[PDB]
Each structure stands twice: as structure tokens, then as C-alpha cells.
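Subsequent text provides C-alpha cells for two forms of one protein chain, presented individually as structure 1 and structure 2.
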Structure 1
């Protein structure tokens, strides 16, 4: 590795075509790609740096309801009138989610003692020996005891040490008690912060009347909601959900750009139902949970249990805030360049397809409209230089009677040449700038061939004739003796390379002979690549040998050039 090898810059080589069709196609594709990427950049705001948000939600529910119920306690039933305020139908969860009671089922006066279990469907027992001591299972309000007692006249149930009077499995009461909760109100206060952009805002703005209510079109940016409207917008019925509660969800979409020329950051409110739309025959249809209020009277602990059915609103906050940024632009321009190669790849594909040489056969005479596209063939000739790898089996042969050249890339295995065939190939056209300057063996149709002198193993390659059919030989013409066998022209060609060589040298003869071989190939096999592997016939070879003979040893043959 030398210093001169470090400064070498390597550059691709191209060809330029002046055509209206390809130019129009190229510019159309470039313009539409530019339009697409610009539209995407302007729509999606890819020039902006986007960042997620940090949210904080606070909720306040308001409303009152009345209830009238035949309540039981100590075996005494009586109609009681009660009121439910905010502190009674809500629990202090203090988060994004909040709860609202719509129906309840309570049992009061409970105290820890022995009592019979309420006989449910299939829990009857009229045998004191059937029960088992200290056995617990789900759907059981207590621990079982070996004894037995009657729950009522003509009723027999197992004893249990638990809270008594034990709660009895009841379905939810329909119509609900707190169906009036369809008229309650909510207030949702959301503060959102983009830290990276250093922006903070809130859904509430100055001047809003607090006696407002959210409507989809009338008053959209009023954070106060009505619990009936949330179900009305979707199509659900609150009076049916109240009996067996169900989960609801609110979504607050924040999408805005923190640019001075376009600064609108407002929340969009949406609603969704997360629970399954349950019906009769469903398995687990309702949302419910139990909770107790403890107390004591006359030195004895007691509780009041409440199974509460009610909705649950799961607030969901998601968004992204964008602001102008310069590096994202550069990142996008870096990506567009790969897309910009469509015209190049498409037009190259069109050329390579239309230069197949099969279209001239059938599709062109059939259609009769795509004729001038044959022009593309010319482009291929000015774009693709086809070659072939050199190998010892590579040979070329030309016959004067035929117009084309025959390549041979196969071993002989003793067979005589010109009896084996190979893929045809056409000869190239001569550079006209220089052209303007001006008895016998069985395998010879020429009559003038000679047998080979090489060994019996390698001589079959030398078996050849100038003409494949009989009638004429190449060496009988005059151009042959003018070009090849002219000693003066060959001496001139040798002087053109080495002008100071001596013409009286003894070993000069062979030198001339070598040139004569090339002087044949260039006549027939024009290309130097095709001429290095060309093989002369026997007649021309032995003519040249008799004009330029060797005496010391036997003649050699086709030596591999490398």
C-alpha cells in the first residue's frame, strides 16, 4: 500500500439520454413524491418534537336523593324514610376513578354468635348427622358446627358461629332505589403538564358559568357532566344499569401544538362502556361490593353490612403536545432521499424489460402500437457491456460460409472440433474510422487442411476447417496474402512497438509468425477479448508455418494467454 493509493477517489460512470418521454416520467414522479412528503409533513406535523403529558385529576359529585323502604331490625319491620347525600353514596377513593351508588341491600344489627344459616336453594338439611364440624366453603356465611337447630317452624338448617341475623341471598331489588342518580352532577378538574416544552394548563378557563352542563354541541367545554347524559349519548339506559351496576369510562383527548402562530390546546371529551353489555342468562353480569359500618351499643360490638351495586367511572387521560423543532426536519429530509429513487428504478426496469429481444417476435406485430419502444434496445447496447469469464475450455470458431461466430465452452473428450456445437454469438462491427483507411482428411471441406502433429490426446482440438460446407477456402483470396503473409507489413507492425529490433535476427521469424496469428483473429474475431481465445483452422495455420517455418523442435499450439 503506497501513498498514491490513498488519494484515489472512485466515481460511478453514467450515460445521459435526451428523451422527452423519460424526462416527463421522471419529473412527474419527482413532483408527486415531493407533494406526498410535503402533505405528510404538513398533516402529521413531523417537523414538531412531540412529548407525552403528566396529568392530575380531581372529581366532585353532587346531588341528593330520598328513599322509602320497609326496613327490618330485631324482627320488627317498619317503613323508614331516608336521605342520601354526597358523603353517603360515594367513597373516598381519591384518584382518576370514582364510584356512585345506584342500588343497595343492607343488613343491620349483626352480632357475633351462634345462629342457623338461611336455607338457600339446595342448602336444606333435616339430619343432624349429615353436617360436619369446622368445614368452610365459599357461598357460606360462617363456620359449620356439628349441632343443628330450626331456622323457623317446619324449617331445619345447620348452625354456624358467625354474624347473626345472617344475610340472606337476595336478587337486586327492581326498581332501584337511587335511580334518581340519573340527575346528579359531576365536576372534573384536570391539570396537564408537558415538562420538556415547559407548558402547564387546565381544562377550566376563566369566565365559565358554574351553572353549566356538558352538551356535545351547545356547551362542549363545560367540565360539568350529568350522569344521565353520559349514558344517553351512547344509547344505554341508566334505569336498567342501576339494578345491577356496570363500569363506564371517560376519555379526555389532548392534542395541540405549542407554536405561537397556532396555539389551541383544548380537551375533547368522549365516553365509552368498558363492561360487557349484559342481559338475562349471563353468568356474572353486575358490579357490586360489600362494606360494613361498625359500632357498639351497651358494651357489645355490632356492624351494619351493605352490599352496594353502582357504576364506576374510570377516567382515562392521554395526549401528546408538539412544538416546533429543527432537527426533526433534517431527519425527515434524510429519509425522503431513499424514496426519491422511484423514477430511476422504474425506467431502468422498463428498459431492461423492453430490451428482452422477444418483444420483436410476437407482441409487436400483434399490438402494432408499441413499435417505437424498440428504440429501448439501442439504450441497452449503450448501457450493458456483456463479457464472459476466461477459462481453459473457452474457444471461439468462425466459418466463412456462415455469418456468425460459434463459442465453445465444453471439453472435447477426444472428439474432433467443428463436429461439436455451441451457442451462437454475433460478431461486433468494426470501428469504421480505421476501416475507411485503405487425399485430404475426412473433416476438411476446404481440400487444403493437413493432419495435426500434436500428441494423439490433444490433437483433436487442432482438427478444423475454414469452411463448413465444400466449395471454397479462405487462403485462396488476395486479402489473405496482402494482410497475413506480407512480410513487410508484419515487420512494420513489429517496428511500431519495438522500432530498434534488428531485422537480421535469427529468432525474428517466429516473432513474425506470432503476429500473423493475431493478424488473422483481428480480421475475423474483431474484439481482442474474442481474439485472444480464437483458434485458427489447419490450412491457414500451416500456410503461415510454411511461410515462417521453425526447424529446431516441433510446433506448439494454443497456449493459454494468462
Structure 2
């Protein structure tokens, strides 16, 4: 608002404790924070801006296998010897995955025509009622025709229009026909980019030996892998997995630092099985798929249908490239700055916990080692300044016999303030730098109030809680309170040019006396504004400074 309020700055008040304990603890905690953050910075390279890589994988599988087996075509079974090369056991998959056929079931000479279903999964029909024309299910190799026909002697099945002879349902051959595929080799060419860092690298370095095969120990940087070795590394068996197939994962990790002084961008090759470790009791065990090779002889389309089992090798290339970036370093430092409140939190918790009072009587006798730590009480005394809410029902009373002040914050509701009991607030220590018979009356000098019957509950108070000498007869009472010269001097200190013979001057003196007593018994001003004078002292003060104007008022809210 105002211009003065604009250029103002708040800084917290603090207290510096000269304690070897706190200095030690604070520096230990600060050094622990600093050491941890430096270790994290120089281990996780949090000063480096890290960028993900753009990968490109190109794969080539080399190796040939020979398969000698009996094959049936045109109703004739013959022993055929065949050769499988890259073009024969690989699919033209161009990317991060390649497939090697380890086993196959091929049906040759297929022609679109009518034929019986092969009876492999309960496809047995005894009458045309068991076949629905145009019907199909997932196990159907064709579209059912309404009429049954005999597949062979002593066995009958539904007729279907399909590629015939229909695919016989037979399990994967054991041993795998292309188990020799464990000896095949795959070259993986992996090119990675960090655009932000403007860096490119490949998994193939100049001077590489072509007649190399990866080995984690002897040759961990040759990107030519034997498939059987890939399987042994984990513990898998290629010949067993070859029968029904599987999925293998080739992980190429690039933890690259592009800093010149610390430069290292090399691929780490790891192998995982991404298929279920299936057994003889497993649902959908393996990896198979059907493709067809189409041809035609004698002017009619035909196909060889191959159900291929094999291992699909998915290739997961991942990693990060780090290069020094001052923004990252500065941001990390800024984040870590907050960590250094550890010392303040810990030491302040100790100070507040060891200044709970309960610790002194109970904990110390049980444990004498933690005895002197009660010094924290001193530290809490200087650190904290308790302040009460100033409210109309707040009162303070003091009894000479009593040791301290009573905070009667509870509304009286007609009960005498003498009777009412409240919190026992300690009396503050004086500024020694300067020093250097009503039913509720125990003193006898208390006069009955003059307030309204409801209001007089507050003024019903005695200088002491038990019978004895009145505070009013104390010699110091006249010196401090009733001393006209002292009150006049105080007023002059306040208002040096006030009329000495004013009509209302007496009233002012009375107020001063109220303050004086409230300050003599309730040291703190905050505790002296809300104090309540006993009836005896109040009425002697009134006698010394009476008011002909009318009935004397009473305690009024300070604020």
C-alpha cells in the first residue's frame, strides 16, 4: 500500500547456540548430505544431460541345414533329401525381429477341391446329419458340405471344399528337422543416434574380424552370434526348443558417455527368453505359423502349405547417451540445497524434545548419561516466547502465599475469582538490571465490591489464599503503590507537562497504581494488563485517590 511498506524486508530472528554438540552434529549432517549428493552426481552422472537413442537394426542369418525325410505327395511316399539356406528357413522380416525355422510340417500338392476332413480332433460323422453345409469352425480345414464321405476304411468324416489333401493334424516332429540351426550364425548391425548430442555410432568397429562369434568373455563385441550359444548363455536348449519353437530376446544396451575426457559408447549384449518356459503340460506351447508357397502345374493353382515352428529373435535396443550440461548440474545443485536442512531439523527436534520437563523427573534417574542435556531447556527458553491469546475472559491472579500466578481464562459466570482455579503460569523474573472480612477474604482488609452482582465475581479476590498478613500492610506497598511522589514522577515521565492540580488527576494516579501493583506481582506486561487486583489493595488505592464523581469502575479489556 504505502510507499514505506514497499521497501521493507523481513529476516527471521535467530539464536546462535555456542555448543560443540550442535556444531559437531550440524557439520556431520551437512557433510553426510554433501557426500551423498556428490556421490550420486558422480555415479549417476546427474551433471550429464541424457538423451535416448534412435536405433536401427539390420540382421543377416547364415548357415545351411540338410533334412532327409519321407514326404508324401500325390499318394506316393518317397525319401527326399533337402537343403535349407537363409532364403529357406528365414522369413523376409526386415526390422528388429528375425525368425529361424527350426521345424516344419509341409503338405504338398494341395488343390482347391472337395475332400474329407482329416479325423484328428473328433471329426467323426456317421450320417449327413452330423455335417452342416457351409459350416466352419476354427478346427475346420474347409467349408463343410452337407454330405459325409469315407476318409478311409472303417472311418468316416464330413466332406469339405478346401485345399486337398487336407492338412493332416500331426504333432511337431521329434527331433527337430532343422536342429542344425543351433550352428547358424546371425549378424546384427545396430546403428544408434543421439540427435541432441549429434552423435552416431555402430556396434561394428573398424578392424573387426569377420570370422568371429560373440562371447561374453573372449569376444563380447562381435555382433555375430551363434544361436546355440545364445541359448546356452541363459541355460536354454536349442534342440528342445527347436521342436515347437520359442521367442528369444537380444538386448543391446548402450550406456554411452559422450564427454571427451570420459568417452565410452559400446554395446552390452544380453539374452532373455521372451516365451514361456513351456513343458509337456502347457497351453499353446511354442511358436508356429502357417504360410504357403503357391505354384501351378497343368494349368491349375496348387500350394505347398508349411506349418513352420521356429524361434523368433526379437531385438531390444535401448540406452542413454550423456553429455555434460551446466543446466543439469545447476538444477541438481539447486535440488540438493534443500537437503541441507537435515541439521536444523535434527538439532531443533533434540532441543524441543529435551525441553519437555517430563524428561527431568522421569528419564534422568533411569538414565544418568542423558542428564546434562537438560541444557536444551535453556535453549528453549531463549528460542521460544510463549504468548497467550488476549481475550476478555483472560485474567491473572497472584497470591502472596502462592508461588506464581494463576491464569484464570475461564468465564466466572458468577463464581468469585477467588474461588475459581486455573492454569499455574510461572512468575517472570524481574528486570534486575533496574534492581541492581468477606467469605472469600483471608486478610481482613478486603471490602465488599460495588460492581453489579454479576460483575463483582471478578473483583471478589484476596491478596492471599490462606489467612495471614495482608500484602497491603507491606512496607513496600506504600513505597511503590501509595507513594504519591512516585506516581507523580511516573506520570511526568509519561506526560511531563500535565496539570499538577487537575480535577481528574487523582484518577490518573489510581491507574498508575493499578499498573504498579500489576507490575510488582505480574512482571510481564502482557501478564499485567489482564491481571486483577485484590479487593484490599484496590480499595486502599481508591481511599488514597478517591473519586467524588461516582462509583468506581473496574477491570476493562486492555485492547
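Rigid core here is just the name for the largest C-alpha set that superposes within 1.5 Å across the two forms. Residue numbers count along the first chain shown, from 1.
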For the core superposition between structures 1 and 2, please identify the residue among 331, 358, 132, 349 whose CA shift reaches 2 Å or more. 132
Take the rigid core as the frame of reference and indicate whether the C-alpha of residue 380 shifts by 2 Å or more between structures 1 and 2. no
Superposing on the rigid core, is the Cα displacement of residue 398 between structures 1 and 2 2 Å or more? no
For a quick test of reading the superposition: does residue 152 move by 2 Å or more at the CA between structures 1 and 2, rigid core aligned? yes
Quote the shift of the Cα of residue 123 between structures 1 and 2 to one decimal place in Å, the two forms being superposed on the rigid core. 2.0
Rigid core superposed, residue 526 Cα shift between structures 1 and 2 in Å? 0.9
